[PDB]
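Engineer: Got model.txt for you, compact mmCIF, C-alpha atoms and all ligand atoms:
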# COMPACT_ATOMS: atom_id res chain seq x y z
CA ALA A 326 107.26 7.98 -69.07
CA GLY A 327 106.37 5.30 -66.49
CA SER A 328 108.75 4.44 -63.67
CA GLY A 329 107.90 2.84 -60.31
CA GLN A 330 106.32 2.97 -56.85
CA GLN A 331 106.88 6.59 -55.78
CA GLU A 332 104.88 9.60 -54.52
CA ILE A 333 104.48 11.50 -57.81
CA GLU A 334 101.22 13.24 -58.74
CA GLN A 335 103.09 15.39 -61.26
CA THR A 336 102.83 12.46 -63.68
CA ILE A 337 99.07 12.25 -63.08
CA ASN A 338 98.80 15.94 -63.93
CA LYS A 339 101.21 15.82 -66.88
CA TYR A 340 99.54 12.94 -68.70
CA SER A 341 96.06 14.23 -67.86
CA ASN A 342 96.94 17.59 -69.47
CA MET A 343 98.44 15.77 -72.45
CA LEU A 344 95.23 13.76 -72.84
CA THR A 345 92.95 16.81 -72.62
CA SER A 346 95.11 18.76 -75.08
CA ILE A 347 95.02 15.91 -77.62
CA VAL A 348 91.24 15.55 -77.13
CA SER A 349 90.68 19.28 -77.73
CA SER A 350 91.56 18.51 -81.40
CA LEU A 351 87.90 18.30 -82.51
CA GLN A 352 86.33 19.84 -85.63
CA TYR A 373 94.90 8.30 -85.93
CA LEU A 374 96.31 10.27 -82.94
CA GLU A 375 95.06 7.46 -80.68
CA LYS A 376 98.23 7.27 -78.61
CA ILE A 377 95.81 8.08 -75.77
CA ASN A 378 95.10 4.36 -75.74
CA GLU A 379 98.80 3.55 -75.36
CA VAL A 380 99.23 6.03 -72.51
CA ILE A 381 96.19 4.73 -70.61
CA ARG A 382 97.08 1.08 -71.31
CA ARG A 383 100.44 1.72 -69.67
CA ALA A 384 98.89 3.92 -66.96
CA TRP A 385 96.80 1.05 -65.63
CA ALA A 386 100.03 -0.99 -65.63
CA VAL A 387 101.82 1.16 -63.01
CA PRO A 388 102.72 -1.41 -60.31
CA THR A 389 100.68 -0.12 -57.36
CA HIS A 390 99.46 3.37 -58.31
CA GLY A 391 97.99 2.23 -61.63
CA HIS A 392 94.44 2.36 -60.31
CA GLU A 393 94.69 6.04 -59.36
CA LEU A 394 96.45 7.11 -62.56
CA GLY A 395 93.97 5.19 -64.70
CA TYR A 396 90.91 6.57 -62.94
CA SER A 397 92.20 10.15 -63.10
CA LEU A 398 93.09 9.84 -66.80
CA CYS A 399 89.70 8.35 -67.70
CA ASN A 400 88.00 11.12 -65.73
CA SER A 401 90.10 13.61 -67.70
CA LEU A 402 88.94 11.84 -70.87
CA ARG A 403 85.29 12.26 -69.93
CA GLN A 404 85.67 15.82 -68.64
CA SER A 405 87.52 17.05 -71.72
CA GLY A 406 84.56 15.87 -73.82
CA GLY A 407 86.57 13.00 -75.29
CA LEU A 408 84.11 10.31 -74.24
CA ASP A 409 81.36 11.95 -76.28
CA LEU A 410 83.79 12.15 -79.19
CA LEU A 411 84.56 8.43 -78.92
CA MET A 412 80.85 7.56 -78.86
CA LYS A 413 80.27 9.85 -81.85
CA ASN A 414 83.08 8.61 -84.13
CA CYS A 415 82.48 4.94 -83.28
CA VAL A 416 79.80 4.83 -86.02
CA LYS A 417 82.43 6.15 -88.49
CA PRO A 418 84.33 3.25 -90.11
CA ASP A 419 87.88 4.62 -90.32
CA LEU A 420 87.84 5.59 -86.61
CA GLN A 421 85.80 2.65 -85.33
CA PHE A 422 88.30 0.22 -83.80
CA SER A 423 90.84 2.96 -83.04
CA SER A 424 88.17 4.46 -80.78
CA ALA A 425 86.57 1.30 -79.38
CA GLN A 426 90.01 0.14 -78.23
CA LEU A 427 90.31 3.24 -76.06
CA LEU A 428 86.72 2.86 -74.85
CA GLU A 429 87.33 -0.64 -73.47
CA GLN A 430 90.03 0.70 -71.10
CA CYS A 431 88.06 3.73 -69.86
CA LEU A 432 84.71 2.19 -68.96
CA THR A 433 84.93 3.27 -65.35
CA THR A 434 81.79 3.59 -63.25
CA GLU A 435 81.06 7.22 -64.18
CA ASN A 436 82.06 6.67 -67.81
CA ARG A 437 79.92 3.52 -67.81
CA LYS A 438 76.93 5.58 -66.65
CA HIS A 439 77.59 8.25 -69.28
CA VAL A 440 77.78 5.63 -72.05
CA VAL A 441 74.66 3.78 -70.90
CA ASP A 442 72.73 7.06 -70.76
CA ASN A 443 73.87 8.93 -73.89
CA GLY A 444 74.62 6.15 -76.37
CA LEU A 445 74.36 2.47 -75.52
CA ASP A 446 73.31 1.36 -79.02
CA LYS A 447 76.42 2.65 -80.80
CA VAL A 448 78.85 1.12 -78.29
CA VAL A 449 77.05 -2.23 -78.24
CA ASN A 450 76.96 -2.36 -82.04
CA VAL A 451 80.65 -1.55 -82.43
CA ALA A 452 81.47 -4.25 -79.88
CA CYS A 453 79.35 -6.75 -81.83
CA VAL A 454 81.08 -5.96 -85.12
CA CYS A 455 84.46 -6.06 -83.34
CA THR A 456 83.70 -9.62 -82.25
CA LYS A 457 82.32 -10.59 -85.68
CA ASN A 458 85.66 -10.06 -87.44
CA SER A 459 88.60 -12.45 -87.39
CA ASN A 460 91.26 -10.08 -86.03
CA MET A 461 91.91 -11.13 -82.45
CA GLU A 462 92.66 -7.70 -80.98
CA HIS A 463 89.27 -6.49 -82.25
CA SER A 464 87.53 -9.46 -80.62
CA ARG A 465 89.36 -8.81 -77.34
CA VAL A 466 88.22 -5.17 -77.41
CA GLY A 467 84.61 -6.09 -78.19
CA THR A 468 84.27 -8.78 -75.54
CA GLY A 469 85.81 -6.44 -72.96
CA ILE A 470 83.39 -3.64 -73.80
CA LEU A 471 80.48 -6.05 -73.39
CA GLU A 472 81.84 -7.29 -70.06
CA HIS A 473 82.01 -3.75 -68.72
CA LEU A 474 78.54 -2.89 -70.05
CA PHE A 475 77.01 -5.83 -68.17
CA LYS A 476 77.87 -4.16 -64.81
CA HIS A 477 75.18 -1.46 -64.66
CA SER A 478 71.57 -2.52 -64.00
CA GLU A 479 68.84 -5.00 -64.79
CA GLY A 480 67.51 -2.56 -67.38
CA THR A 481 70.91 -2.11 -68.99
CA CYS A 482 71.49 -5.87 -69.02
CA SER A 483 68.10 -6.44 -70.65
CA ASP A 484 68.82 -3.80 -73.29
CA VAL A 485 72.29 -5.18 -74.04
CA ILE A 486 70.74 -8.64 -74.42
CA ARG A 487 68.25 -7.13 -76.87
CA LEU A 488 71.04 -5.42 -78.84
CA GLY A 489 72.88 -8.74 -79.23
CA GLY A 490 75.67 -8.67 -76.63
CA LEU A 491 74.85 -11.98 -75.01
CA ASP A 492 74.94 -13.61 -78.45
CA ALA A 493 78.37 -12.12 -79.11
CA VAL A 494 79.91 -13.35 -75.86
CA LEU A 495 78.34 -16.79 -76.23
CA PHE A 496 79.79 -16.99 -79.75
CA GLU A 497 83.23 -15.93 -78.49
CA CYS A 498 82.96 -18.70 -75.87
CA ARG A 499 84.11 -20.94 -78.76
CA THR A 500 87.35 -19.00 -79.24
CA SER A 501 90.93 -19.89 -78.32
CA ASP A 502 92.33 -16.50 -77.27
CA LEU A 503 92.82 -16.26 -73.52
CA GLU A 504 92.00 -12.55 -73.17
CA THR A 505 88.73 -13.12 -75.01
CA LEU A 506 87.76 -16.10 -72.87
CA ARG A 507 88.52 -14.13 -69.71
CA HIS A 508 86.39 -11.22 -70.91
CA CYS A 509 83.62 -13.73 -71.73
CA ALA A 510 83.73 -15.41 -68.32
CA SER A 511 83.74 -12.08 -66.49
CA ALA A 512 80.86 -10.86 -68.66
CA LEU A 513 78.74 -13.94 -67.96
CA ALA A 514 79.42 -13.56 -64.22
CA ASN A 515 78.48 -9.87 -64.31
CA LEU A 516 75.28 -10.77 -66.16
CA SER A 517 74.38 -13.54 -63.71
CA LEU A 518 74.76 -10.95 -60.96
CA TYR A 519 73.15 -7.82 -62.47
CA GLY A 520 70.51 -9.56 -64.60
CA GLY A 521 67.73 -10.64 -62.27
CA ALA A 522 65.10 -13.32 -62.86
CA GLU A 523 63.93 -12.56 -66.40
CA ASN A 524 67.47 -12.17 -67.72
CA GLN A 525 68.65 -15.35 -66.00
CA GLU A 526 65.72 -17.16 -67.64
CA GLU A 527 66.86 -15.75 -70.98
CA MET A 528 70.38 -16.97 -70.19
CA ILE A 529 69.09 -20.49 -69.58
CA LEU A 530 67.21 -20.28 -72.89
CA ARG A 531 70.43 -19.30 -74.67
CA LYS A 532 72.08 -22.41 -73.15
CA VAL A 533 74.58 -20.30 -71.22
CA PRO A 534 75.68 -23.27 -69.03
CA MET A 535 76.43 -25.28 -72.18
CA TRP A 536 79.08 -22.76 -73.29
CA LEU A 537 80.21 -22.02 -69.74
CA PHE A 538 81.20 -25.68 -69.39
CA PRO A 539 84.13 -25.35 -71.87
CA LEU A 540 85.39 -22.42 -69.76
CA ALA A 541 85.04 -23.96 -66.29
CA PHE A 542 87.42 -26.75 -67.33
CA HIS A 543 90.05 -24.33 -68.62
CA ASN A 544 93.53 -24.61 -67.15
CA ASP A 545 93.82 -20.84 -66.68
CA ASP A 546 92.58 -20.25 -63.15
CA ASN A 547 90.89 -16.91 -63.91
CA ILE A 548 88.57 -18.37 -66.57
CA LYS A 549 87.65 -21.34 -64.39
CA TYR A 550 87.04 -19.12 -61.38
CA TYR A 551 84.73 -16.65 -63.09
CA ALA A 552 82.86 -19.28 -65.10
CA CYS A 553 82.21 -21.30 -61.94
CA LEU A 554 81.21 -18.02 -60.28
CA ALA A 555 78.58 -17.33 -62.94
CA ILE A 556 77.30 -20.90 -62.52
CA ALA A 557 77.14 -20.51 -58.73
CA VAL A 558 75.26 -17.22 -59.05
CA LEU A 559 72.86 -19.03 -61.37
CA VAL A 560 72.06 -22.00 -59.12
CA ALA A 561 70.99 -19.50 -56.43
CA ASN A 562 67.89 -18.81 -58.56
CA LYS A 563 65.64 -21.67 -57.41
CA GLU A 564 63.79 -21.77 -60.75
CA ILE A 565 66.82 -22.77 -62.87
CA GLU A 566 68.75 -24.77 -60.25
CA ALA A 567 68.20 -28.10 -62.04
CA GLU A 568 69.26 -26.94 -65.50
CA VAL A 569 72.38 -25.33 -64.01
CA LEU A 570 73.10 -28.54 -62.08
CA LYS A 571 73.06 -30.48 -65.34
CA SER A 572 76.23 -28.66 -66.44
CA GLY A 573 78.56 -30.55 -64.11
CA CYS A 574 80.86 -27.60 -63.39
CA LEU A 575 80.03 -27.13 -59.70
CA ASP A 576 81.82 -30.42 -58.98
CA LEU A 577 85.01 -28.50 -59.84
CA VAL A 578 84.57 -25.96 -57.02
CA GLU A 579 85.64 -28.00 -53.99
CA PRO A 580 89.05 -29.01 -55.44
CA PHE A 581 89.67 -25.39 -56.47
CA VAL A 582 88.96 -23.63 -53.16
CA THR A 583 90.83 -26.32 -51.21
CA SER A 584 93.96 -26.07 -53.40
CA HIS A 585 94.12 -22.30 -54.07
CA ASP A 586 95.50 -19.63 -51.73
CA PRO A 587 92.88 -16.87 -51.23
CA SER A 588 95.57 -14.22 -50.74
CA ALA A 589 97.73 -15.31 -53.69
CA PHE A 590 94.76 -15.77 -56.02
CA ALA A 591 93.80 -12.20 -55.11
CA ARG A 592 97.28 -10.93 -55.97
CA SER A 593 97.02 -12.48 -59.44
CA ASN A 594 93.50 -11.12 -60.06
CA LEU A 595 91.45 -8.15 -58.77
CA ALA A 596 94.27 -6.96 -56.48
CA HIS A 597 95.91 -4.40 -58.76
CA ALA A 598 92.35 -3.10 -58.95
CA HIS A 599 90.81 -2.50 -55.53
CA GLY A 600 88.75 -5.66 -55.71
CA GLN A 601 85.22 -5.73 -57.03
CA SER A 602 82.72 -2.95 -56.40
CA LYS A 603 80.43 -2.83 -53.38
CA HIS A 604 77.45 -3.32 -55.72
CA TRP A 605 79.01 -6.38 -57.38
CA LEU A 606 79.52 -7.86 -53.91
CA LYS A 607 75.98 -6.85 -52.96
CA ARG A 608 74.72 -8.94 -55.86
CA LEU A 609 76.94 -11.80 -54.67
CA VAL A 610 75.76 -11.71 -51.02
CA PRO A 611 72.55 -13.76 -51.62
CA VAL A 612 74.70 -16.61 -52.97
CA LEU A 613 75.99 -17.22 -49.43
CA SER A 614 72.46 -18.41 -48.61
CA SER A 615 71.87 -21.04 -51.31
CA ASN A 616 70.88 -24.71 -51.35
CA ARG A 617 74.13 -25.88 -52.94
CA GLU A 618 77.26 -26.47 -50.88
CA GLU A 619 79.54 -25.56 -53.79
CA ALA A 620 77.83 -22.22 -54.37
CA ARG A 621 78.39 -21.20 -50.75
CA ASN A 622 81.97 -22.51 -50.90
CA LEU A 623 82.81 -20.30 -53.87
CA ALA A 624 80.99 -17.22 -52.56
CA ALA A 625 82.76 -17.59 -49.21
CA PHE A 626 86.10 -17.99 -51.01
CA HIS A 627 85.49 -14.76 -52.91
CA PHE A 628 84.41 -12.88 -49.79
CA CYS A 629 87.50 -14.05 -47.90
CA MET A 630 89.50 -12.65 -50.83
CA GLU A 631 87.68 -9.31 -50.98
CA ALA A 632 87.89 -8.90 -47.20
CA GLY A 633 91.68 -8.97 -47.23
CA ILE A 634 91.82 -6.61 -50.20
CA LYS A 635 89.34 -4.16 -48.65
CA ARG A 636 91.26 -4.32 -45.37
CA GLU A 637 94.44 -3.36 -47.20
CA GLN A 638 92.56 -0.37 -48.65
CA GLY A 639 90.70 0.43 -45.41
CA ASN A 640 87.24 0.06 -47.00
CA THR A 641 86.05 -2.86 -44.84
CA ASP A 642 82.83 -1.23 -43.61
CA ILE A 643 81.49 -1.98 -47.12
CA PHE A 644 80.49 -5.47 -45.98
CA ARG A 645 78.11 -3.92 -43.43
CA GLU A 646 76.59 -1.43 -45.88
CA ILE A 647 75.49 -4.42 -48.00
CA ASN A 648 74.23 -6.54 -45.08
CA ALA A 649 76.82 -9.19 -45.93
CA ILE A 650 77.79 -9.59 -42.26
CA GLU A 651 74.62 -11.48 -41.36
CA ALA A 652 75.14 -13.98 -44.19
CA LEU A 653 78.86 -14.31 -43.43
CA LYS A 654 78.05 -15.16 -39.81
CA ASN A 655 75.30 -17.61 -40.76
CA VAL A 656 77.82 -19.35 -43.03
CA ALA A 657 80.62 -19.31 -40.46
CA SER A 658 78.14 -21.08 -38.18
CA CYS A 659 76.94 -23.77 -40.62
CA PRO A 660 78.38 -27.31 -40.49
CA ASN A 661 80.19 -27.21 -43.84
CA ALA A 662 83.80 -26.53 -42.88
CA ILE A 663 84.91 -25.45 -46.37
CA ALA A 664 82.75 -22.33 -46.14
CA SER A 665 82.96 -21.95 -42.36
CA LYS A 666 86.71 -21.31 -42.33
CA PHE A 667 86.49 -18.87 -45.26
CA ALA A 668 83.56 -16.88 -43.89
CA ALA A 669 85.20 -16.78 -40.45
CA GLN A 670 88.54 -15.56 -41.81
CA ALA A 671 86.61 -12.95 -43.80
CA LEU A 672 84.80 -11.77 -40.66
CA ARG A 673 88.09 -11.46 -38.77
CA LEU A 674 89.50 -9.35 -41.65
CA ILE A 675 86.60 -6.91 -41.11
CA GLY A 676 86.10 -6.80 -37.33
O1 LIG A 701 90.93 -1.18 -61.66
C1 LIG A 701 92.03 -1.26 -62.26
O2 LIG A 701 93.11 -1.19 -61.61
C2 LIG A 701 92.08 -1.44 -63.78
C3 LIG A 701 93.12 -2.08 -64.37
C4 LIG A 701 93.15 -2.22 -65.72
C5 LIG A 701 92.12 -1.71 -66.49
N1 LIG A 701 91.08 -1.07 -65.91
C6 LIG A 701 89.99 -0.53 -66.73
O3 LIG A 701 89.29 0.43 -65.97
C7 LIG A 701 87.86 0.35 -66.28
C8 LIG A 701 87.11 0.04 -65.01
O4 LIG A 701 87.39 -1.28 -64.53
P1 LIG A 701 86.29 -2.12 -63.72
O5 LIG A 701 86.99 -3.37 -63.24
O6 LIG A 701 85.69 -1.18 -62.69
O7 LIG A 701 85.19 -2.54 -64.67
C9 LIG A 701 87.73 -0.70 -67.37
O8 LIG A 701 87.82 -0.07 -68.65
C10 LIG A 701 88.95 -1.58 -67.14
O9 LIG A 701 89.36 -2.31 -68.28
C11 LIG A 701 91.05 -0.93 -64.56
Would you mind giving the structure from this file in structure tokens?

Structural biologist:
Amino acid sequence: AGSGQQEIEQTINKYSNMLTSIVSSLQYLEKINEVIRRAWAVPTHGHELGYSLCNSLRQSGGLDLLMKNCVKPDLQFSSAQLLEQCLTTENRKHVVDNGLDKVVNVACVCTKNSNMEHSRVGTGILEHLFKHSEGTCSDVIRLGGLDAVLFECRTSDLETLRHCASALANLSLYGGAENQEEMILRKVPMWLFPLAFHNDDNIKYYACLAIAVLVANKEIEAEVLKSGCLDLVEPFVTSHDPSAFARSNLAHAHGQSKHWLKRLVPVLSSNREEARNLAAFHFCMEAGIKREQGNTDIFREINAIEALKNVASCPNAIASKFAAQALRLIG
């Protein structure tokens, strides 16, 4: 099964072949979800094993099978559970292109029911589906995903609240102007406020991050400033260790994507001090991660360097130290 930090690709190959053989059973045996759930858990190599196994899932035709039998009741949750853990970038594209409606609807009905594992699965699927495009975000809003996450914002489960915060951040980033207007109409800040004041640092971080991304839009700045949650940014960045907060979150995974960070870049140039503080904090985190993985040139491909320098120059010392440390971790 799963052991430790070694140089073994034989396990990648073994469990990929197991997965493809089980998937070939087309005309229950959803231990594929257990194997992938524990594959992502591998201490350091979990990213590689997970990506290779999800690619094996798509290539063996299993992704199409999941999207097909997710409108069948007896195989609904059993399949959606596995789909929440294999919504990689390529799989995300495949789903968005050849069956968004079914996946969105199964996530909605997973959140509608009282069983907590189902709600976790549904909120996670929605989170991952909000990381594609303005068009995809608009469509998911139309199909009722935003309503589901804003309803789950009232929950107690921690996994669900984390999925909800990450989903609202992803939507603030990938939505655009129209979708951010829609978010303000749905009173997104109202239900983000209960999350920003959470004790769990992940929920607070990503809720505040969605709020910061939202104040950057100069049309909704006031309504997002009525929340109150940006006044919780300065104590957080000044009391949290950028390297250690990375190790707890988004370090097992190789940080956020270059496109996620590209959406975040324009936050570095906002009117609000707290927005720039939090964006700088996040970039100082991602810079160290990317340096560990040798993908630092990303920050130049997204024209983040100009904004990082402009921020490292500005008077505000909270963001100046973070942006400067980020620039040194790149070159
Ligand atoms: O990136 C990782 O190391 C990782 C760790 C645990 C789970 N995953 C799953 O891999 C998929 C892609 O993750 P992400 O962050 O690119 O949206 C998604 O289904 C995640 O739930 C990914």

Engineer: Give me the chain A side of the contact with ligand LIG 701 (chain A), cut-off 8 Å, one line per residue showing its nearest atom pair and distance in Å at one decimal, counting only C-alpha atoms and all ligand atoms, sorted by chain and residue number, as JSON lines.

Structural biologist:
{"residue": "A:382", "atom": "CA", "partner": "A:LIG701", "partner_atom": "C5", "distance": 7.5}
{"residue": "A:385", "atom": "CA", "partner": "A:LIG701", "partner_atom": "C4", "distance": 4.9}
{"residue": "A:386", "atom": "CA", "partner": "A:LIG701", "partner_atom": "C4", "distance": 7.0}
{"residue": "A:391", "atom": "CA", "partner": "A:LIG701", "partner_atom": "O2", "distance": 6.0}
{"residue": "A:392", "atom": "CA", "partner": "A:LIG701", "partner_atom": "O2", "distance": 4.0}
{"residue": "A:393", "atom": "CA", "partner": "A:LIG701", "partner_atom": "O2", "distance": 7.7}
{"residue": "A:395", "atom": "CA", "partner": "A:LIG701", "partner_atom": "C11", "distance": 6.8}
{"residue": "A:396", "atom": "CA", "partner": "A:LIG701", "partner_atom": "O3", "distance": 7.0}
{"residue": "A:428", "atom": "CA", "partner": "A:LIG701", "partner_atom": "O8", "distance": 6.9}
{"residue": "A:429", "atom": "CA", "partner": "A:LIG701", "partner_atom": "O8", "distance": 4.9}
{"residue": "A:430", "atom": "CA", "partner": "A:LIG701", "partner_atom": "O8", "distance": 3.4}
{"residue": "A:431", "atom": "CA", "partner": "A:LIG701", "partner_atom": "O8", "distance": 4.0}
{"residue": "A:432", "atom": "CA", "partner": "A:LIG701", "partner_atom": "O8", "distance": 3.9}
{"residue": "A:433", "atom": "CA", "partner": "A:LIG701", "partner_atom": "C8", "distance": 3.9}
{"residue": "A:434", "atom": "CA", "partner": "A:LIG701", "partner_atom": "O6", "distance": 6.2}
{"residue": "A:469", "atom": "CA", "partner": "A:LIG701", "partner_atom": "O9", "distance": 7.2}
{"residue": "A:470", "atom": "CA", "partner": "A:LIG701", "partner_atom": "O8", "distance": 7.7}
{"residue": "A:472", "atom": "CA", "partner": "A:LIG701", "partner_atom": "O7", "distance": 7.9}
{"residue": "A:473", "atom": "CA", "partner": "A:LIG701", "partner_atom": "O7", "distance": 5.3}
{"residue": "A:476", "atom": "CA", "partner": "A:LIG701", "partner_atom": "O7", "distance": 7.5}
{"residue": "A:595", "atom": "CA", "partner": "A:LIG701", "partner_atom": "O1", "distance": 7.6}
{"residue": "A:596", "atom": "CA", "partner": "A:LIG701", "partner_atom": "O2", "distance": 7.8}
{"residue": "A:597", "atom": "CA", "partner": "A:LIG701", "partner_atom": "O2", "distance": 5.1}
{"residue": "A:598", "atom": "CA", "partner": "A:LIG701", "partner_atom": "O2", "distance": 3.4}
{"residue": "A:599", "atom": "CA", "partner": "A:LIG701", "partner_atom": "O1", "distance": 6.3}
{"residue": "A:600", "atom": "CA", "partner": "A:LIG701", "partner_atom": "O1", "distance": 7.8}
{"residue": "A:601", "atom": "CA", "partner": "A:LIG701", "partner_atom": "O5", "distance": 6.9}
{"residue": "A:602", "atom": "CA", "partner": "A:LIG701", "partner_atom": "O6", "distance": 7.2}

Engineer: May I have a table of the residues of range 474-515 of chain A lying at most 6 Å from range 548-553 of chain A, giving each one's closest pair of atoms and their distance in Å to one decimal, counting all atoms listed in the file, ordered by chain and ascending residue number, as a Markdown table?

Structural biologist:
| residue | atom | partner | partner_atom | distance |
| --- | --- | --- | --- | --- |
| A:507 | CA | A:548 | CA | 5.3 |
| A:510 | CA | A:552 | CA | 5.1 |
| A:511 | CA | A:551 | CA | 5.8 |

Engineer: Write the residues you've just listed into a file as an mmCIF file, in the frame of the given file, and include C-alpha atoms for each of them.

Structural biologist:
data_model
loop_
_atom_site.group_PDB
_atom_site.id
_atom_site.type_symbol
_atom_site.label_atom_id
_atom_site.label_comp_id
_atom_site.auth_asym_id
_atom_site.auth_seq_id
_atom_site.Cartn_x
_atom_site.Cartn_y
_atom_site.Cartn_z
ATOM 1 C CA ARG A 507 88.520 -14.130 -69.710
ATOM 2 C CA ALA A 510 83.730 -15.410 -68.320
ATOM 3 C CA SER A 511 83.740 -12.080 -66.490
#

Engineer: Enumerate, as a PyMOL selection string, the protein, DNA and RNA residues whose atoms approach (75.3, 1.8, -67.0) to within 9 Å, taking into account only C-alpha atoms and the coordinate frame of the file.

Structural biologist: chain A and resi 434-442+445+473-478+480-482

Engineer: Near range 577-587 of chain A, counting all atoms listed in the file, which residues have an atom at most 12 Å away, once you skip same-chain residues fewer than 3 positions from it, shown as a VMD selection string?

Structural biologist: chain A and resid 538 540 to 547 549 to 554 556 to 557 572 to 574 590 to 596 617 to 634 661 to 664 666 to 668 670 to 671

Engineer: How many Å separate CA of residue 562 in chain A from CA of residue 535 in chain A?

Structural biologist: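 Between these atoms lies a distance of 17.3 Å.
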
Engineer: Please report the interatomic distance between CA of residue 514 in chain A and CA of residue 458 in chain A in Å with one decimal.

Structural biologist: 24.3 Å

Engineer: Near residue 603 in chain A, within 9 Å and counting only C-alpha atoms, which residues show up once chain neighbours fewer than 2 positions away are dropped, as an mmCIF file with C-alpha atoms, in the coordinates of the input?

Structural biologist:
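See around.cif below for the written result:
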data_model
loop_
_atom_site.group_PDB
_atom_site.id
_atom_site.type_symbol
_atom_site.label_atom_id
_atom_site.label_comp_id
_atom_site.auth_asym_id
_atom_site.auth_seq_id
_atom_site.Cartn_x
_atom_site.Cartn_y
_atom_site.Cartn_z
ATOM 1 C CA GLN A 601 85.220 -5.730 -57.030
ATOM 2 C CA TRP A 605 79.010 -6.380 -57.380
ATOM 3 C CA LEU A 606 79.520 -7.860 -53.910
ATOM 4 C CA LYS A 607 75.980 -6.850 -52.960
ATOM 5 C CA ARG A 608 74.720 -8.940 -55.860
ATOM 6 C CA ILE A 643 81.490 -1.980 -47.120
ATOM 7 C CA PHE A 644 80.490 -5.470 -45.980
ATOM 8 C CA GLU A 646 76.590 -1.430 -45.880
ATOM 9 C CA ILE A 647 75.490 -4.420 -48.000
#

Engineer: Set the distance at 9 Å and use only C-alpha atoms: which residues neighbour residue 525 in chain A once local chain neighbours fewer than 3 positions away are removed? I'd like the list as JSON, numbers by chain.

Structural biologist: {"A": [516, 517, 520, 521, 522, 528, 529, 530, 559, 562, 565]}

Engineer: One decimal, Å: what's the distance from CA of residue 615 in chain A over to CA of residue 527 in chain A, could you say?

Structural biologist: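 Interatomic distance, CA of residue 615 in chain A to CA of residue 527 in chain A: 21.0 Å.
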
Engineer: Excluding residue 656 in chain A and any residue of its chain fewer than 2 positions from it, enumerate the residues within 8 Å of it, using all atoms listed in the file, and give them as an NGL selection string.

Structural biologist: :A and (613-614 or 621 or 652-654 or 658-659 or 664-665 or 668)

Engineer: Find the spatial neighbours of residue 331 in chain A, counting all atoms listed in the file, within a cut-off of 10 Å - ignore same-chain residues fewer than 3 positions away - and output them as a ChimeraX atom specification.

Structural biologist: /A:328,334,389-390

Engineer: Restrict the selected residues to C-alpha atoms and save them as a PDB file, in the coordinates of the input.

Structural biologist:
ATOM      1  CA  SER A 328     108.750   4.440 -63.670  1.00  0.00           C
ATOM      2  CA  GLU A 334     101.220  13.240 -58.740  1.00  0.00           C
ATOM      3  CA  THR A 389     100.680  -0.120 -57.360  1.00  0.00           C
ATOM      4  CA  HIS A 390      99.460   3.370 -58.310  1.00  0.00           C
TER       5      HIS A 390
END

Engineer: I need the residue nearest residue 561 in chain A from this list: A:414, A:638, A:616, A:483. Use all atoms listed in the file for the distance.

Structural biologist: A:616

Engineer: With only C-alpha atoms as the basis for distance, which of A:655, A:450, A:443, A:401 is at the shortest distance from residue 337 in chain A?

Structural biologist: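 Closest to residue 337 in chain A, using only C-alpha atoms: A:401.
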
Engineer: Around the point (94.8, 7.7, -65.8) (coordinates from the file), which residues reach within 6 Å if we count all atoms listed in the file? Answer as a list in words.

Structural biologist: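 So the residues meeting the distance criterion are residues 381, 384, 394, 395, 396, 397, 398 and 399 of chain A.
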
Engineer: Calculated over only C-alpha atoms, which of the candidates A:673, A:479, A:505, A:406 has the smallest distance to residue 455 in chain A?

Structural biologist: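 Smallest separation from residue 455 in chain A among the options: A:505.
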
Engineer: Hey, could you patch up range 505-511 of chain A with N, CA, C and O atoms and hand it over as a PDB file, in the coordinates of the input?

Structural biologist:
ATOM      1  N   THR A 505      90.132 -13.087 -74.629  1.00  0.00           N
ATOM      2  CA  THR A 505      88.730 -13.120 -75.010  1.00  0.00           C
ATOM      3  C   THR A 505      87.924 -14.029 -74.096  1.00  0.00           C
ATOM      4  O   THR A 505      86.807 -13.688 -73.692  1.00  0.00           O
ATOM      5  N   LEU A 506      88.475 -15.193 -73.756  1.00  0.00           N
ATOM      6  CA  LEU A 506      87.760 -16.100 -72.870  1.00  0.00           C
ATOM      7  C   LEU A 506      87.613 -15.513 -71.476  1.00  0.00           C
ATOM      8  O   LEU A 506      86.588 -15.717 -70.814  1.00  0.00           O
ATOM      9  N   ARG A 507      88.623 -14.774 -71.012  1.00  0.00           N
ATOM     10  CA  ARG A 507      88.520 -14.130 -69.710  1.00  0.00           C
ATOM     11  C   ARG A 507      87.459 -13.037 -69.722  1.00  0.00           C
ATOM     12  O   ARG A 507      86.652 -12.935 -68.787  1.00  0.00           O
ATOM     13  N   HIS A 508      87.446 -12.211 -70.773  1.00  0.00           N
ATOM     14  CA  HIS A 508      86.390 -11.220 -70.910  1.00  0.00           C
ATOM     15  C   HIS A 508      85.014 -11.883 -70.943  1.00  0.00           C
ATOM     16  O   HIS A 508      84.060 -11.383 -70.339  1.00  0.00           O
ATOM     17  N   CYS A 509      84.905 -13.033 -71.620  1.00  0.00           N
ATOM     18  CA  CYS A 509      83.620 -13.730 -71.730  1.00  0.00           C
ATOM     19  C   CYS A 509      83.168 -14.273 -70.381  1.00  0.00           C
ATOM     20  O   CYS A 509      81.992 -14.151 -70.014  1.00  0.00           O
ATOM     21  N   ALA A 510      84.077 -14.909 -69.643  1.00  0.00           N
ATOM     22  CA  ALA A 510      83.730 -15.410 -68.320  1.00  0.00           C
ATOM     23  C   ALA A 510      83.307 -14.281 -67.392  1.00  0.00           C
ATOM     24  O   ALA A 510      82.280 -14.374 -66.707  1.00  0.00           O
ATOM     25  N   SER A 511      84.088 -13.197 -67.357  1.00  0.00           N
ATOM     26  CA  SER A 511      83.740 -12.080 -66.490  1.00  0.00           C
ATOM     27  C   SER A 511      82.402 -11.468 -66.899  1.00  0.00           C
ATOM     28  O   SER A 511      81.609 -11.059 -66.041  1.00  0.00           O
TER      29      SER A 511
END
